[PDB]
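What follows is one structure encoded as structure tokens, with my remarks underneath.
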Amino acid sequence: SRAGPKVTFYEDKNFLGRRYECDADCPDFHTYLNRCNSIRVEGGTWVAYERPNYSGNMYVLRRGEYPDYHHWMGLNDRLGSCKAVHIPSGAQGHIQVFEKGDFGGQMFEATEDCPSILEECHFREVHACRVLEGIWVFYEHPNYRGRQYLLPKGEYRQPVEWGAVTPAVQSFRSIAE
């Protein structure tokens, strides 16, 4: 965490056209950009949302260049808002996922990315989660695809508490910067 977070959204592919430079949470792009077809993340990790005020689908954006919306696995070229992800300092990521609600049933523990929950612990769904340290992104499908959910340090007694309407979770990634 040396430089401050910075992200630029562009209206056209390959970082062309009208752009919006952003260095803090922005709840509404639409006075600035009609569409988003490419993005450059210079510092920090960000989450962008399909619609203003942080609603609709979420997409994690890490450092680097996204020359078209497929690079962040957008459904299309519509983004409305974005937030900078705040990474706590100290112990690296530590997460527990539970086969049933309220931290019940079988538990699976990780300190690294998991590309397939089913492969590693044979859970088909996730119904609760404890993020002991760090901050993580849940993915609906194995291998870091499908709907995304952001889980800061805390306790999630059932999937609605990380914003999901189904218990579909099959991979996850820690956000270390």
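Cβ atoms come from the backbone with ideal geometry, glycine included; neighbour counts cover every protein chain shown. The values are calculated or read from the model by the stated rules, or taken from the named source; no laboratory instrument gave them.
Results, tabulated for the structure shown:
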read-out: Near pairs, Cβ below 9 angstrom, 6+ apart or cross-chain, from the stretch 57-77 (closer than 18 Å to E140 by Cβ) to any residue that is exposed (fewer than 14 other Cβ atoms within 10 Å of the Cβ) and of a type in the set (D, E, K, R); value: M73/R145
read-out: Criterion (closer than 16 Å to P67 by Cβ and either in a strand (DSSP E or B) or among the hydrophobic types (A, V, I, L, M, F, W, C) (or both)) met by exactly one of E21, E42; value: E42
read-out: The lone exception for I87 - which of (1) in contact with a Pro (Cβ under 8 Å, 6 or more places away or on another chain); (2) assigned to a loop (DSSP other than H, G, I, E, B) it fails; value: (1)
read-out: Check on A176, under 30 Å from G43 (Cβ atoms), in contact with a helix residue (DSSP H, G or I) (Cβ under 9 Å, 6 or more places away or on another chain) and outside the structural domain of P67 (by CATH); value: no
read-out: Residue list for the stretch 125-148, filter: under 13 Å from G105 (Cα atoms) and either outside the structural domain of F98 (by CATH) or surrounded by fewer than 18 Cβ atoms within 10 Å (Cβ to Cβ) (or both); value: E125
read-out: Test: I87 is closer than 19 Å to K153 by Cα, surrounded by 16 or more Cβ atoms within 10 Å (Cβ to Cβ) and under 16 Å from the mean Cα position of the chain (by Cα); value: yes
